[PDB]
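The next block holds one structure in the form of structure tokens; read it before the comments.
Protein chains: 2
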Amino acid sequence: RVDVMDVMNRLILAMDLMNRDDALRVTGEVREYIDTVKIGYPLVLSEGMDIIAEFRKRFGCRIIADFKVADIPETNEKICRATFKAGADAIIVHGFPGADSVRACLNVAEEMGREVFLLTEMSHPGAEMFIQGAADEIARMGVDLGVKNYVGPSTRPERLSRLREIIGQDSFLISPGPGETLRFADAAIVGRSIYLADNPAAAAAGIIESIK
Amino acid sequence: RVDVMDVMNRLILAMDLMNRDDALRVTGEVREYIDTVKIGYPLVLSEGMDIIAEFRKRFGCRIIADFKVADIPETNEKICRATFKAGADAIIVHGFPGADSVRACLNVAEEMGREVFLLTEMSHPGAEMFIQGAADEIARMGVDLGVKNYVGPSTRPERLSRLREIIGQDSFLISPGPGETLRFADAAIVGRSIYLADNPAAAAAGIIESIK
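What follows is the structure, given as structure tokens:
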């Protein structure tokens with residue numbers, strides 16, 4: 005599909021290291037394989053929001069800010085604006101706080117020509133308490149709102165199938181990573204297997220060969 | 005109660021401005037009235053995490069990082085660690101992602117001798133979709149885990165009495181403001204009516220008068 009983003013090799017690097025030197029080094033090594041890097045609070049709080057501009061200027065990669073935005077609408081607006089001003093191409097937002105909080109993010113994205121990803125579900129043990137039960141409704145809330153980009157877990161492939169069912173084949177979906192993840196998701200997110208590898212470039216290359 | 009924090013005059017400043025000069029100026033002006041300042045991502049993402057150390061060194065105020073932490077346990081750990089390293093006395097965490105994500109924050113707080121506040125409920129319109137229905141259970145989850153500090157809304161006083169009922173009289177509870192708020196909460200949080208006032212110092216003093 006043409007109106008959703010193109011992620012090189014369907015593989016997104018989760019750059020979860022907290023040290024700038026380490027983060028830049030690994031990312032540089034895999035740039036021939038990956039053009040989209042997901043950055044979280046661990047790195048930006050440790051090293052500064054300026055690191056986003058650094059990734060983009062050094063490597064020309066797309067940056068997804070995995071900030072799991074989860075505040076009231078006014079605060080969400082401010083967070084999204086500060087994040088997009090720093091250069092992020094996209095931001096990941098929680099749906100649990102409801103439609104107004106999501107729309108606040110969509111508004112700033114509209115103003116600044118950036119993207120919003122709705123996080124529908126998480127896969128860590130405690131997610132079963134509240135998140136899993138809300139996930140389908142959060143996905144539908146996104147769809148009813150024209151959200152185009154989603155994040156789903158890939159510890160349960162069949163959940164991805166339900167999610168893909170709700171958001172349609174048109175929507176852009178990314179999920180952690189693998190063969191059956193990519194049967195549902197447009198791109199897989201990979202972290203440790205790359206950034207902790209003795210040879211990250213080889214690790215990335217290896218994963219892509221599997222993706223065939 | 006002695007094992008819960010003392011907030012000067014039961015009044016917490018919500019420092020929601022995004023530029024460092026304005027933020028420091030207002031906070032300085034109210035330091036005679038307020039010793040506890042809540043700061044959020046809008047300010048720290050715009051100006052850097054170093055601003056926390058600045059508030060503390062300049063004014064000797066307690067800093068609560070309103071980061072609404074809402075990630076998986078490992079990432080929550082890293083977020084709390086970076087935040088406490090930067091000097092925050094306390095951090096606010098979402099309960100919706102479940103007990104393991106909260107406990108991760110409690111672990112780092114235990115290691116570093118800092119505090120965790122559990123956010124039980126929000127009051128913005130979209131909260132009715134998912135958060136309000138989960139609020140009592142999130143509060144009970146906090147209690148079952150010995151969380152001692154809580155954040156609750158103050159747009160519905162009766163919700164505060166429900167929350168106070170669940171967490172007990174021993175727990176520390178903070179909520180937006189203030190007269191009816193302080194029947195239930197230990198301290199009220201105030202933002203705009205102080206930081207946008209032509210005379211913040213007078214605004215603060217004015218509010219404290221009404222609290223007697």
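From first to last, the protein sequence lines are chains A and B. So the first sequence is residues 5 to 181, 189 to 223, counted in the UniProt record's numbering. So the second sequence is residues 5 to 181, 189 to 223, counted in the UniProt record's numbering. For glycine and all other residues, C-beta sits at the position ideal for the given N, C-alpha and C.
Asked, Found
"Of all Cβ atoms in chain B, is any one closer than 9 Å to the Cβ of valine 106 (chain A)?", "yes"
"Decide if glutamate 51 (chain B) is buried, meaning its Cβ has at least 16 other Cβ atoms within 10 Å, or exposed.", "buried"
"If you draw a straight line from the C-alpha of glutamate 132 (chain B) to the C-alpha of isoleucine 205 (chain A), how long is it?", "41 Å"
"Enumerate in chain order the residues of its own chain whose CB-to-CB distance from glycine 181 (chain A) is below 7 Å, with the five nearest sequence positions on each side excluded.", "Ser158, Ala199, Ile200, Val201"
"Starting from the Cα of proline 46 (chain A), find the closest Cα among B:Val73, B:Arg35, B:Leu21 and give me that residue.", "B:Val73"
"With a threshold of 16 other CB atoms inside 10 Å of the CB of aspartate 54 (chain B), please say whether the residue is buried or exposed.", "exposed"
"Label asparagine 210 (chain A) either buried or exposed according to how many other C-beta atoms from any shown protein chain fall within 10 Å of its C-beta, with 16 as the threshold for buried.", "exposed"
"Which of the three DSSP states, helix, strand or coil, is assigned to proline 211 (chain A)?", "helix"
"Run through chain B and tell me which residues come within less than 9 Å of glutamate 132 (chain A), C-beta to C-beta.", "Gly102"
"When Cβ atoms are compared, which residues of the segment 64-80 of chain A fall closer than 9 Å to chain B?", "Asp70, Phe71, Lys72, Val73, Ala74, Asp75, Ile76, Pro77, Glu78, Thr79"
"Round the Cβ separation of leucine 122 (chain B) and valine 106 (chain B) to the nearest angstrom and send it over; I've been treating them as touching at under 8 Å.", "7 Å"
"What is the residue span of the beta strand (DSSP E) that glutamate 119 (chain B) lies within?", "119-123"
"The segment 161-173 of chain B: which residues have C-beta closer than 9 Å to a C-beta of chain A, in chain order?", "none"
"Just checking: is the beta-carbon of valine 48 (chain B) within a distance shorter than 9 Å of some beta-carbon in chain A?", "yes"
"Where does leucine 207 (chain A) land, buried or exposed, given buried means 16+ other C-beta within 10 angstroms?", "exposed"
"For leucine 49 (chain A), report the span of its alpha helix (DSSP H) as first-last.", "45-51"
"Between the segment 196-221 of chain A and chain B, which residues of the former have CB atoms less than 9 Å from a CB of the latter, in chain order?", "none"
"Can you find a CB in chain B that lies within less than 9 Å of the CB of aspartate 20 (chain A)?", "yes"
"Taking 9 Å as the CB-CB limit, is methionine 9 (chain B) close to chain A?", "no"
"CB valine 30 (chain B) to CB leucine 15 (chain B), shorter than 9 Å?", "no"
"Applying the 10 Å Cβ sphere with the 16-neighbour rule, what's the burial state of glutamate 81 (chain B)?", "buried"
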